[PDB]
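Text of coords.cif (mmCIF, C-alpha atoms and all ligand atoms) as supplied:
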```
data_model
#
loop_
_atom_site.label_atom_id
_atom_site.label_comp_id
_atom_site.auth_asym_id
_atom_site.auth_seq_id
_atom_site.Cartn_x
_atom_site.Cartn_y
_atom_site.Cartn_z
CA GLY T 1 -12.31 -6.05 -29.54
CA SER T 2 -10.38 -3.17 -31.20
CA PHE T 3 -9.52 -2.87 -34.94
CA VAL T 4 -7.94 0.64 -34.97
CA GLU T 5 -6.39 0.08 -38.50
CA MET T 6 -9.95 -0.33 -39.96
CA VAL T 7 -11.80 2.26 -37.81
CA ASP T 8 -12.78 5.36 -39.92
CA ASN T 9 -11.81 3.73 -43.28
CA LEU T 10 -15.00 4.81 -45.14
CA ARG T 11 -16.01 8.01 -46.90
CA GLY T 12 -19.23 9.23 -48.51
CA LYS T 13 -22.85 10.04 -47.63
CA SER T 14 -26.22 8.16 -47.87
CA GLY T 15 -27.39 9.73 -51.17
CA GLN T 16 -24.18 8.79 -53.00
CA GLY T 17 -23.15 5.69 -50.99
CA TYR T 18 -20.07 4.91 -48.88
CA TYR T 19 -16.72 3.69 -50.30
CA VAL T 20 -13.48 2.10 -49.04
CA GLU T 21 -10.05 2.41 -50.61
CA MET T 22 -8.80 -0.80 -52.27
CA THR T 23 -5.81 -1.81 -54.51
CA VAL T 24 -5.98 -4.06 -57.64
CA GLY T 25 -3.05 -5.47 -59.65
CA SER T 26 0.77 -5.59 -59.42
CA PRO T 27 2.10 -2.86 -58.99
CA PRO T 28 -0.96 -1.90 -56.83
CA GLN T 29 -3.54 0.38 -58.55
CA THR T 30 -5.56 2.44 -55.99
CA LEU T 31 -9.37 2.74 -56.50
CA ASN T 32 -12.37 3.90 -54.39
CA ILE T 33 -14.87 1.10 -53.93
CA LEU T 34 -18.59 1.43 -53.03
CA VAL T 35 -19.55 -0.90 -50.11
CA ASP T 36 -22.65 -2.83 -51.25
CA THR T 37 -24.24 -5.56 -49.05
CA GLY T 38 -27.12 -5.70 -51.68
CA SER T 39 -25.02 -7.27 -54.54
CA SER T 40 -22.30 -9.96 -54.92
CA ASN T 41 -19.91 -8.81 -57.65
CA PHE T 42 -16.58 -7.06 -57.28
CA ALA T 43 -16.60 -4.82 -60.33
CA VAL T 44 -14.38 -1.89 -61.29
CA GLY T 45 -14.28 0.79 -64.03
CA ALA T 46 -11.79 -0.60 -66.57
CA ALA T 47 -12.04 1.82 -69.54
CA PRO T 48 -12.20 5.70 -69.74
CA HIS T 49 -15.48 7.37 -68.74
CA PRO T 50 -16.32 11.13 -68.30
CA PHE T 51 -17.16 10.55 -64.60
CA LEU T 52 -14.01 8.45 -63.85
CA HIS T 53 -10.76 10.19 -62.76
CA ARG T 54 -9.04 6.74 -62.70
CA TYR T 55 -9.76 3.15 -63.84
CA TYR T 56 -8.35 -0.39 -63.70
CA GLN T 57 -5.64 -0.96 -66.35
CA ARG T 58 -5.32 -4.77 -66.81
CA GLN T 59 -2.36 -4.43 -69.29
CA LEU T 60 -0.34 -2.69 -66.51
CA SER T 61 -0.91 -5.52 -64.02
CA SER T 62 1.55 -8.44 -64.10
CA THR T 63 -0.79 -10.62 -61.94
CA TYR T 64 -3.89 -10.03 -64.14
CA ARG T 65 -5.56 -13.26 -65.43
CA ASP T 66 -8.17 -13.17 -68.22
CA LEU T 67 -11.17 -15.47 -67.56
CA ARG T 68 -12.28 -15.02 -71.26
CA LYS T 69 -15.88 -14.58 -70.10
CA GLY T 70 -18.36 -11.74 -70.36
CA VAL T 71 -20.58 -10.46 -67.52
CA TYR T 72 -23.81 -8.44 -67.97
CA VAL T 73 -25.46 -6.84 -64.96
CA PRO T 74 -28.72 -5.00 -65.80
CA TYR T 75 -30.53 -3.60 -62.71
CA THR T 76 -33.54 -1.27 -62.05
CA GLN T 77 -31.70 2.11 -62.02
CA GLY T 78 -29.03 1.24 -64.64
CA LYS T 79 -26.63 -1.39 -66.04
CA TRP T 80 -22.98 -2.37 -66.55
CA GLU T 81 -21.21 -4.84 -68.83
CA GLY T 82 -17.73 -6.22 -68.44
CA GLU T 83 -15.06 -8.86 -68.83
CA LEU T 84 -14.30 -11.33 -66.06
CA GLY T 85 -10.80 -11.88 -64.77
CA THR T 86 -8.75 -12.37 -61.58
CA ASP T 87 -6.07 -10.27 -59.86
CA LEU T 88 -4.44 -9.62 -56.49
CA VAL T 89 -6.54 -7.30 -54.28
CA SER T 90 -5.79 -5.52 -50.95
CA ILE T 91 -7.64 -3.11 -48.63
CA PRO T 92 -5.00 -0.60 -47.35
CA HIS T 93 -7.08 0.36 -44.28
CA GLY T 94 -8.20 -3.23 -43.85
CA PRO T 95 -6.73 -6.60 -42.86
CA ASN T 96 -3.03 -7.04 -43.67
CA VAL T 97 -3.66 -9.62 -46.41
CA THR T 98 -3.59 -9.92 -50.24
CA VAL T 99 -6.15 -12.08 -52.02
CA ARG T 100 -6.67 -13.36 -55.53
CA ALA T 101 -10.24 -12.31 -56.33
CA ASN T 102 -12.62 -12.23 -59.29
CA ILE T 103 -12.87 -8.81 -60.94
CA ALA T 104 -15.52 -7.73 -63.45
CA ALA T 105 -13.61 -5.19 -65.58
CA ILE T 106 -16.33 -2.63 -66.54
CA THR T 107 -16.01 -1.64 -70.28
CA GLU T 108 -19.59 -0.29 -70.82
CA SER T 109 -22.09 1.23 -68.32
CA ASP T 110 -25.43 3.10 -68.35
CA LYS T 111 -26.32 5.34 -65.35
CA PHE T 112 -23.78 3.36 -63.18
CA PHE T 113 -20.97 5.96 -62.63
CA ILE T 114 -21.96 9.23 -60.91
CA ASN T 115 -20.56 12.72 -61.78
CA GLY T 116 -18.79 14.04 -58.68
CA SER T 117 -18.83 10.78 -56.68
CA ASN T 118 -15.33 9.75 -55.69
CA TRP T 119 -15.86 5.97 -56.45
CA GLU T 120 -14.69 3.87 -59.43
CA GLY T 121 -16.09 0.43 -58.53
CA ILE T 122 -18.45 -1.63 -56.37
CA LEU T 123 -17.75 -4.25 -53.70
CA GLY T 124 -20.64 -6.73 -53.71
CA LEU T 125 -20.61 -8.20 -50.16
CA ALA T 126 -23.76 -10.41 -50.42
CA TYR T 127 -23.72 -14.23 -51.17
CA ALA T 128 -22.67 -16.24 -54.29
CA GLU T 129 -26.39 -17.00 -55.09
CA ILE T 130 -27.14 -13.57 -56.59
CA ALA T 131 -23.68 -13.06 -58.23
CA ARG T 132 -23.63 -12.58 -61.99
CA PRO T 133 -23.46 -14.46 -64.41
CA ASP T 134 -24.19 -17.17 -61.81
CA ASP T 135 -23.22 -18.55 -58.35
CA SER T 136 -19.96 -20.12 -59.70
CA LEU T 137 -18.33 -16.65 -59.57
CA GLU T 138 -16.80 -16.55 -56.08
CA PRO T 139 -17.59 -13.19 -54.35
CA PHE T 140 -14.75 -11.13 -52.85
CA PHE T 141 -15.57 -11.93 -49.20
CA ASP T 142 -15.75 -15.67 -49.85
CA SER T 143 -12.20 -15.53 -51.48
CA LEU T 144 -10.86 -13.39 -48.58
CA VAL T 145 -12.14 -15.91 -45.94
CA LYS T 146 -11.00 -19.00 -48.01
CA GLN T 147 -7.45 -17.64 -48.71
CA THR T 148 -6.67 -16.08 -45.26
CA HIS T 149 -7.38 -16.60 -41.51
CA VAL T 150 -9.80 -13.58 -41.48
CA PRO T 151 -12.97 -14.58 -39.48
CA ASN T 152 -16.11 -14.85 -41.68
CA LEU T 153 -17.76 -11.62 -40.39
CA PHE T 154 -17.69 -7.89 -41.24
CA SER T 155 -19.30 -4.91 -39.52
CA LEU T 156 -20.38 -1.53 -40.85
CA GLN T 157 -20.83 1.82 -39.11
CA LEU T 158 -22.30 4.26 -41.73
CA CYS T 159 -22.00 7.85 -40.48
CA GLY T 160 -24.55 10.38 -41.65
CA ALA T 161 -23.35 13.94 -40.94
CA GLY T 162 -26.84 15.24 -40.07
CA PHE T 163 -26.12 18.24 -42.39
CA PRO T 164 -24.92 18.73 -46.02
CA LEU T 165 -21.23 18.09 -46.91
CA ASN T 166 -19.75 19.80 -50.03
CA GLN T 167 -17.20 18.09 -52.42
CA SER T 168 -14.03 18.96 -50.38
CA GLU T 169 -15.89 18.22 -47.07
CA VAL T 170 -17.12 14.75 -48.26
CA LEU T 171 -13.40 14.03 -49.23
CA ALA T 172 -12.00 15.28 -45.86
CA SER T 173 -14.75 13.82 -43.60
CA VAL T 174 -14.89 10.30 -42.07
CA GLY T 175 -17.99 8.56 -43.49
CA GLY T 176 -17.68 5.56 -41.22
CA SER T 177 -16.03 2.20 -40.66
CA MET T 178 -15.94 -1.23 -42.33
CA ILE T 179 -14.37 -3.71 -39.91
CA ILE T 180 -13.22 -6.83 -41.79
CA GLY T 181 -13.22 -9.95 -39.59
CA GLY T 182 -14.40 -8.36 -36.34
CA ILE T 183 -16.56 -6.13 -34.11
CA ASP T 184 -15.04 -2.86 -32.82
CA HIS T 185 -16.58 -1.89 -29.41
CA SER T 186 -15.80 1.85 -29.85
CA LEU T 187 -18.33 2.19 -32.73
CA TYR T 188 -21.43 1.43 -30.62
CA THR T 189 -23.17 2.02 -27.28
CA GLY T 190 -25.18 -0.54 -25.31
CA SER T 191 -25.85 -4.10 -26.41
CA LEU T 192 -25.70 -5.89 -29.75
CA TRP T 193 -29.02 -7.66 -30.60
CA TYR T 194 -29.05 -10.37 -33.32
CA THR T 195 -31.58 -11.28 -35.90
CA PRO T 196 -31.14 -14.51 -37.97
CA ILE T 197 -30.11 -14.32 -41.65
CA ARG T 198 -33.26 -16.12 -43.02
CA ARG T 199 -31.42 -17.36 -46.14
CA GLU T 200 -27.91 -16.62 -47.47
CA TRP T 201 -28.47 -14.77 -50.84
CA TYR T 202 -29.09 -11.08 -49.99
CA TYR T 203 -28.71 -10.37 -46.25
CA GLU T 204 -32.36 -11.40 -45.69
CA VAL T 205 -34.10 -10.66 -42.39
CA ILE T 206 -37.58 -11.02 -40.87
CA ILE T 207 -39.51 -7.94 -39.58
CA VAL T 208 -42.24 -9.01 -37.11
CA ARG T 209 -43.85 -5.64 -36.06
CA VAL T 210 -43.68 -1.99 -37.10
CA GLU T 211 -44.49 1.03 -34.79
CA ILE T 212 -44.72 4.77 -35.51
CA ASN T 213 -44.28 6.61 -32.18
CA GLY T 214 -45.23 3.36 -30.27
CA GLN T 215 -48.40 2.92 -32.36
CA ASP T 216 -48.66 -0.47 -34.05
CA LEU T 217 -49.01 -0.24 -37.86
CA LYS T 218 -51.31 -3.34 -37.28
CA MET T 219 -50.69 -5.10 -40.64
CA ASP T 220 -50.29 -8.90 -41.13
CA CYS T 221 -46.50 -9.25 -40.55
CA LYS T 222 -46.06 -11.02 -43.96
CA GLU T 223 -46.80 -7.59 -45.50
CA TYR T 224 -43.61 -6.17 -43.86
CA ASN T 225 -41.45 -8.88 -45.60
CA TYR T 226 -43.26 -9.06 -48.92
CA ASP T 227 -41.48 -10.41 -50.95
CA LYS T 228 -38.33 -10.14 -48.71
CA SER T 229 -36.63 -7.78 -46.22
CA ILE T 230 -32.94 -7.13 -46.67
CA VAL T 231 -30.16 -4.98 -45.13
CA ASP T 232 -28.51 -3.03 -48.02
CA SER T 233 -25.69 -0.46 -47.68
CA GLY T 234 -26.13 0.16 -51.46
CA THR T 235 -29.64 1.67 -50.87
CA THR T 236 -30.00 5.28 -49.58
CA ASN T 237 -33.60 5.00 -48.28
CA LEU T 238 -35.66 2.87 -45.98
CA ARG T 239 -37.80 1.22 -48.71
CA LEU T 240 -41.11 -0.40 -47.82
CA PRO T 241 -43.53 -2.63 -49.83
CA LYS T 242 -46.35 -0.55 -51.45
CA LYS T 243 -49.02 -1.41 -48.79
CA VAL T 244 -46.63 -0.88 -45.83
CA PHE T 245 -45.37 2.40 -47.35
CA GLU T 246 -48.97 3.75 -47.74
CA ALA T 247 -49.81 2.76 -44.11
CA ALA T 248 -46.47 4.17 -42.74
CA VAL T 249 -46.85 7.51 -44.62
CA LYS T 250 -50.46 7.90 -43.42
CA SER T 251 -49.27 7.30 -39.79
CA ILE T 252 -46.24 9.65 -40.14
CA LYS T 253 -48.47 12.44 -41.63
CA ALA T 254 -50.95 11.92 -38.70
CA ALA T 255 -48.10 12.13 -36.10
CA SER T 256 -46.61 15.25 -37.85
CA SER T 257 -50.12 16.83 -38.50
CA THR T 258 -49.25 20.25 -36.83
CA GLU T 259 -47.32 21.03 -40.07
CA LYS T 260 -48.76 20.27 -43.54
CA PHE T 261 -46.29 19.15 -46.22
CA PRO T 262 -47.04 18.95 -50.02
CA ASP T 263 -47.52 15.49 -51.66
CA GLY T 264 -44.14 15.88 -53.46
CA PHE T 265 -42.27 15.90 -50.12
CA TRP T 266 -43.82 12.50 -49.13
CA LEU T 267 -42.91 11.19 -52.64
CA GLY T 268 -39.20 11.99 -51.98
CA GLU T 269 -39.19 14.46 -54.89
CA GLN T 270 -39.50 17.84 -53.14
CA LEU T 271 -37.24 19.22 -50.43
CA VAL T 272 -38.57 20.89 -47.24
CA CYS T 273 -36.63 23.82 -45.70
CA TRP T 274 -36.63 25.50 -42.28
CA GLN T 275 -34.74 28.57 -41.00
CA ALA T 276 -31.22 27.66 -39.69
CA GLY T 277 -31.39 25.51 -36.55
CA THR T 278 -35.21 25.48 -36.40
CA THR T 279 -36.00 21.97 -37.84
CA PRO T 280 -38.99 20.80 -35.73
CA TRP T 281 -37.59 17.29 -35.07
CA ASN T 282 -40.12 16.77 -32.20
CA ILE T 283 -43.22 16.97 -34.50
CA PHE T 284 -41.91 13.91 -36.45
CA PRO T 285 -42.34 10.42 -35.00
CA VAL T 286 -39.75 7.78 -34.20
CA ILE T 287 -39.98 4.52 -36.23
CA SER T 288 -39.41 1.13 -34.67
CA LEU T 289 -38.79 -2.07 -36.59
CA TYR T 290 -39.15 -5.29 -34.53
CA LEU T 291 -36.94 -8.11 -35.78
CA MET T 292 -37.00 -11.85 -35.13
CA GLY T 293 -34.67 -12.72 -32.29
CA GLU T 294 -32.23 -15.63 -31.91
CA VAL T 295 -34.36 -17.18 -29.09
CA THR T 296 -37.74 -18.88 -29.88
CA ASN T 297 -40.75 -16.52 -29.38
CA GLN T 298 -38.33 -13.59 -28.74
CA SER T 299 -37.98 -10.33 -30.73
CA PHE T 300 -36.05 -7.04 -30.38
CA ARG T 301 -36.59 -3.56 -31.80
CA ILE T 302 -34.48 -0.96 -33.58
CA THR T 303 -35.77 2.62 -33.39
CA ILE T 304 -34.77 5.48 -35.68
CA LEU T 305 -35.45 9.20 -35.51
CA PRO T 306 -36.49 11.77 -38.16
CA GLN T 307 -32.71 12.72 -38.00
CA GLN T 308 -32.23 9.33 -39.88
CA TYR T 309 -35.23 9.46 -42.25
CA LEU T 310 -34.98 13.15 -43.19
CA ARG T 311 -31.93 13.17 -45.45
CA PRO T 312 -30.00 16.52 -45.30
CA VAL T 313 -29.59 18.31 -48.67
CA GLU T 314 -28.20 21.76 -49.71
CA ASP T 315 -30.91 24.27 -50.90
CA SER T 316 -29.23 29.67 -48.43
CA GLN T 317 -28.52 29.28 -44.69
CA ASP T 318 -31.77 27.17 -44.33
CA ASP T 319 -31.65 23.54 -43.08
CA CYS T 320 -33.17 21.50 -45.95
CA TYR T 321 -34.15 17.79 -46.19
CA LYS T 322 -35.71 15.15 -48.45
CA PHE T 323 -38.06 12.43 -47.05
CA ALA T 324 -35.93 9.26 -47.24
CA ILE T 325 -38.72 6.62 -46.89
CA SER T 326 -40.00 5.29 -50.24
CA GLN T 327 -42.18 2.65 -51.93
CA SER T 328 -40.81 -0.71 -53.10
CA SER T 329 -42.10 -3.49 -55.36
CA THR T 330 -39.14 -5.76 -54.25
CA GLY T 331 -39.80 -5.92 -50.49
CA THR T 332 -38.32 -4.02 -47.54
CA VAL T 333 -34.88 -2.48 -47.94
CA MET T 334 -33.09 -1.36 -44.81
CA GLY T 335 -30.77 1.09 -46.53
CA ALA T 336 -28.52 3.94 -45.24
CA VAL T 337 -31.57 5.49 -43.38
CA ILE T 338 -31.55 2.47 -41.08
CA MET T 339 -27.81 1.88 -41.29
CA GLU T 340 -26.86 5.37 -40.16
CA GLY T 341 -28.68 4.84 -36.85
CA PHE T 342 -26.80 1.63 -36.05
CA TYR T 343 -23.56 -0.31 -35.96
CA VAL T 344 -24.43 -3.34 -38.08
CA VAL T 345 -22.64 -6.70 -37.64
CA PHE T 346 -22.83 -9.07 -40.65
CA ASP T 347 -22.04 -12.34 -38.80
CA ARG T 348 -21.84 -14.71 -41.76
CA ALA T 349 -20.16 -17.38 -39.52
CA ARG T 350 -23.28 -17.59 -37.26
CA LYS T 351 -25.88 -16.73 -40.01
CA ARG T 352 -27.01 -13.63 -38.06
CA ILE T 353 -27.09 -9.81 -38.25
CA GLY T 354 -26.26 -7.61 -35.27
CA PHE T 355 -27.64 -4.20 -34.36
CA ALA T 356 -26.44 -1.73 -31.73
CA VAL T 357 -26.93 2.07 -31.29
CA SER T 358 -24.27 3.78 -33.46
CA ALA T 359 -21.72 6.01 -31.70
CA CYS T 360 -22.07 8.34 -34.77
CA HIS T 361 -25.90 8.54 -35.15
CA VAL T 362 -27.47 12.00 -35.37
CA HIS T 363 -29.91 12.86 -32.56
CA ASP T 364 -31.07 15.77 -30.36
CA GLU T 365 -31.11 16.37 -26.56
CA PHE T 366 -34.59 14.76 -26.20
CA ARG T 367 -34.45 11.49 -28.20
CA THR T 368 -31.84 8.94 -29.30
CA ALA T 369 -31.88 5.96 -31.73
CA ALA T 370 -32.37 2.67 -29.79
CA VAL T 371 -31.90 -1.13 -29.87
CA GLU T 372 -34.04 -2.76 -27.20
CA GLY T 373 -35.31 -6.12 -26.05
CA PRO T 374 -36.46 -8.77 -25.47
CA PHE T 375 -40.13 -8.80 -26.52
CA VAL T 376 -42.44 -11.81 -26.54
CA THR T 377 -43.65 -12.40 -30.14
CA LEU T 378 -45.54 -15.48 -31.52
CA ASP T 379 -45.77 -17.19 -35.01
CA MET T 380 -42.67 -15.24 -36.21
CA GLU T 381 -41.74 -17.77 -38.95
CA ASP T 382 -45.22 -16.92 -40.39
CA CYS T 383 -43.94 -13.31 -41.01
CA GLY T 384 -41.52 -14.65 -43.66
CA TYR T 385 -42.90 -14.69 -47.24
CA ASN T 386 -42.75 -17.81 -49.55
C1 LIG N 401 -29.96 -1.07 -54.52
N1 LIG N 401 -28.90 -1.71 -55.37
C2 LIG N 401 -27.72 -2.18 -54.78
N2 LIG N 401 -27.58 -2.39 -53.50
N3 LIG N 401 -26.68 -2.57 -55.64
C3 LIG N 401 -26.63 -2.22 -57.05
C4 LIG N 401 -26.14 -0.81 -57.28
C5 LIG N 401 -26.01 0.22 -56.36
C6 LIG N 401 -25.54 1.44 -56.90
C7 LIG N 401 -25.32 2.66 -56.14
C8 LIG N 401 -24.59 3.77 -56.68
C9 LIG N 401 -24.36 4.93 -55.92
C10 LIG N 401 -24.90 5.01 -54.61
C11 LIG N 401 -25.62 3.92 -54.07
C12 LIG N 401 -26.13 3.99 -52.75
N4 LIG N 401 -26.54 4.04 -51.69
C13 LIG N 401 -25.82 2.74 -54.81
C14 LIG N 401 -25.28 1.32 -58.25
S1 LIG N 401 -25.63 -0.24 -58.82
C15 LIG N 401 -25.79 -3.31 -57.77
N5 LIG N 401 -26.78 -4.35 -58.12
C16 LIG N 401 -26.36 -5.58 -58.58
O1 LIG N 401 -25.24 -5.76 -59.09
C17 LIG N 401 -27.32 -6.70 -58.54
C18 LIG N 401 -27.70 -7.22 -59.84
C19 LIG N 401 -28.59 -8.29 -59.89
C20 LIG N 401 -29.13 -8.85 -58.67
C21 LIG N 401 -28.78 -8.30 -57.39
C22 LIG N 401 -27.85 -7.23 -57.32
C23 LIG N 401 -28.12 -3.99 -57.67
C24 LIG N 401 -28.04 -2.48 -57.63
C25 LIG N 401 -29.14 -1.83 -56.78
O2 LIG N 401 -30.15 -1.47 -57.39
#
```
Is it possible to give me this structure as structure tokens?
Ligand SMILES: CN1C(=N)N[C@@]2(c3cc(-c4cccc(C#N)c4)cs3)CN(C(=O)c3ccccc3)C[C@H]2C1=O
Amino acid sequence: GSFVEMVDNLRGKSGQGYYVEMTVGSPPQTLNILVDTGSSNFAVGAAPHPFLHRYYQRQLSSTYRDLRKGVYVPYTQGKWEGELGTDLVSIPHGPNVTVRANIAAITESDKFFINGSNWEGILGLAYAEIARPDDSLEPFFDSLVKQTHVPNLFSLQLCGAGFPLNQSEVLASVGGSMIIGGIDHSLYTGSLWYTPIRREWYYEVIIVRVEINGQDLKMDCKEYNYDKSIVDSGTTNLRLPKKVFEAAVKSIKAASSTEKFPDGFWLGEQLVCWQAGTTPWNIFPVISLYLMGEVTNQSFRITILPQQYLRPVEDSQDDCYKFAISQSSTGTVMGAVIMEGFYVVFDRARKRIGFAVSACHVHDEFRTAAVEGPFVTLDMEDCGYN
């Protein structure tokens, strides 16, 4: 229904991620926490760092419990190393509950913390399977559901501004909403359409068809989910497997052919600028992703605009952007590019993910983002990779 206490509780932008305010310890220590559906650890800065304005101080918390166990989390972009423990955790603009959760106290990190970001930790919302060191470390959401009456579901509305936000603006602006234990009807328009969670590790989904301006990409559907397709709030871009990316970029260049862009723009490296208010949105195509439906032989589609896939950046009074669709060697990643177009319901209780047109998506007077169905699709289980 309505969860007014949790509506507008996020801040940030796609390129830097979105964070929620949380408290750790007794007396409560306030920290800004990155919302990450692509990882399963709750981990906070717990030692001084040049990019941290604050950090978790275990010796000042009376409820802190040392697990006497190390935790190492190397990833593609960087790494962090810490010490496992437990403490009492709350979400001020969240449910009115206090939970004892696992905390990875970060003591050493490489390329993890970001200069100028207003976050000090990460909230891994995915399943116990991918948690580090192993699945025995109960993720935050599992502890919250086990210890309280909070329904096993969360929903995210990530709000892209559609223009650059400076440091004071990104601090004063509402970046979106994280609704813990419910679906807020004010954050979306139209219907919610659900896709099954294929397996509970990452939030894995199955893409069954891809269109660029209604034109079928015409690849074997396994290619779209090779080696997996996941919904990840901790990824800025829409990331596509190498073969899909090459086919998508060729189609997008063909649809936008009235204007020639250098190779560096398509690589996500170079920005493209237009005179204030003159971005030619109409020359760029819409992108539709068809997802497996809940009903046998049934699919639905989510459609995004270049206002989602052209990430706004500051250069001048020019309107500048980076191409936010990139190659992946780890399958499809429906990051902030997708997320910003839609209100996304992570229905863990019914092993499904919901999509509806976001009330905060950026569009123009001619086109809007869309969630439509049903469509008749066959051999959909065959689209999943093994
Ligand atoms: C994409 N992606 C992600 N979803 N989560 C991680 C990080 C995201 C960011 C980060 C920082 C600022 C902004 C944004 C944004 N947008 C993201 C830093 S680290 C954490 N991680 C695991 O812990 C893990 C480890 C092993 C296995 C699975 C997950 C995998 C990392 C990753 O590569």
(request) Grab the atom CA of residue T:28 to atom CA of residue T:45 distance for me, in Å with one decimal place. (result)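 One can read the atom CA of residue T:28 to atom CA of residue T:45 distance as 15.4 Å.
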Could you write out as AutoDock Vina command-line options the box around ligand LIG 401 (chain N) (axis-aligned, all atoms listed in the file, 6 Å on each side), with centre and edge lengths in Å to one decimal?
```
--center_x -27.3 --center_y -1.9 --center_z -55.8 --size_x 17.8 --size_y 25.9 --size_z 20.2
```
Find the nearest atom pair between each residue of chain T and ligand LIG 401 (chain N) for residues within 6 Å, count all atoms listed in the file, give distances in Å to one decimal, sort rows by chain and ascending number, and present the table as a Markdown table.
```
| residue | atom | partner | partner_atom | distance |
| --- | --- | --- | --- | --- |
| T:14 | CA | N:LIG401 | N4 | 5.6 |
| T:15 | CA | N:LIG401 | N4 | 5.8 |
| T:16 | CA | N:LIG401 | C10 | 4.2 |
| T:17 | CA | N:LIG401 | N4 | 3.8 |
| T:36 | CA | N:LIG401 | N2 | 5.4 |
| T:38 | CA | N:LIG401 | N2 | 3.8 |
| T:39 | CA | N:LIG401 | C22 | 4.0 |
| T:73 | CA | N:LIG401 | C18 | 5.6 |
| T:75 | CA | N:LIG401 | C18 | 5.4 |
| T:76 | CA | N:LIG401 | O2 | 5.8 |
| T:112 | CA | N:LIG401 | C14 | 5.5 |
| T:130 | CA | N:LIG401 | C20 | 5.5 |
| T:232 | CA | N:LIG401 | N2 | 5.6 |
| T:234 | CA | N:LIG401 | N2 | 3.6 |
| T:235 | CA | N:LIG401 | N4 | 4.0 |
| T:236 | CA | N:LIG401 | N4 | 4.2 |
```
Output of the above residues as a PDB file, in the frame of the given file, restricted to C-alpha atoms:
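Saved result, part_6.pdb, follows:
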```
ATOM      1  CA  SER T  14     -26.220   8.160 -47.870  1.00  0.00           C
ATOM      2  CA  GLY T  15     -27.390   9.730 -51.170  1.00  0.00           C
ATOM      3  CA  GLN T  16     -24.180   8.790 -53.000  1.00  0.00           C
ATOM      4  CA  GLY T  17     -23.150   5.690 -50.990  1.00  0.00           C
ATOM      5  CA  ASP T  36     -22.650  -2.830 -51.250  1.00  0.00           C
ATOM      6  CA  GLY T  38     -27.120  -5.700 -51.680  1.00  0.00           C
ATOM      7  CA  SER T  39     -25.020  -7.270 -54.540  1.00  0.00           C
ATOM      8  CA  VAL T  73     -25.460  -6.840 -64.960  1.00  0.00           C
ATOM      9  CA  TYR T  75     -30.530  -3.600 -62.710  1.00  0.00           C
ATOM     10  CA  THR T  76     -33.540  -1.270 -62.050  1.00  0.00           C
ATOM     11  CA  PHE T 112     -23.780   3.360 -63.180  1.00  0.00           C
ATOM     12  CA  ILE T 130     -27.140 -13.570 -56.590  1.00  0.00           C
ATOM     13  CA  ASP T 232     -28.510  -3.030 -48.020  1.00  0.00           C
ATOM     14  CA  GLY T 234     -26.130   0.160 -51.460  1.00  0.00           C
ATOM     15  CA  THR T 235     -29.640   1.670 -50.870  1.00  0.00           C
ATOM     16  CA  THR T 236     -30.000   5.280 -49.580  1.00  0.00           C
TER      17      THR T 236
END
```
(message) If we count all atoms listed in the file and set the cut-off at 12 Å, which residues sit around residue T:300, ignoring sequence neighbours fewer than 2 positions away in its own chain? Please answer as a ChimeraX atom specification.
(response) /T:191-196,206-210,288-298,302-303,354-356,370-377
(request) Record the distance separating atom CA of residue T:88 and atom CA of residue T:121, expressed in Å with one decimal. (result)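 Straight-line distance from atom CA of residue T:88 to atom CA of residue T:121 works out to 15.5 Å.
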(message) Just want the 7 Å neighbourhood of residue T:68, counted on only C-alpha atoms, with same-chain residues fewer than 2 positions away dropped. Output as a PyMOL selection string.
(response) chain T and resi 66+70+84
(message) At a cut-off of 6 Å around the point (-12.9, -3.8, -67.0) (file coordinates), what residues fall inside when counting all atoms listed in the file? I'd like the answer as an MDAnalysis selection string.
(response) chainID T and resid 45:46 82:83 104:107
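Compared by their closest atoms to residue T:124, and using all atoms listed in the file, the residues T:178, T:35, T:197, T:248 rank with T:35 nearest.
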(request) Using only C-alpha atoms, determine which residues lie at most 10 Å from stretch 89-99 of chain T, disregarding the query and same-chain residues fewer than 5 positions distant; provide the list as a PyMOL selection string. (result) chain T and resi 3-10+20-26+28-31+33+140-141+143-150+177-181
(message) Using all atoms listed in the file, can you tell me which of T:174, T:240, T:125, T:52 comes closest to residue T:328?
(response)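 Residue with the minimum atom-to-atom distance to residue T:328: T:240.
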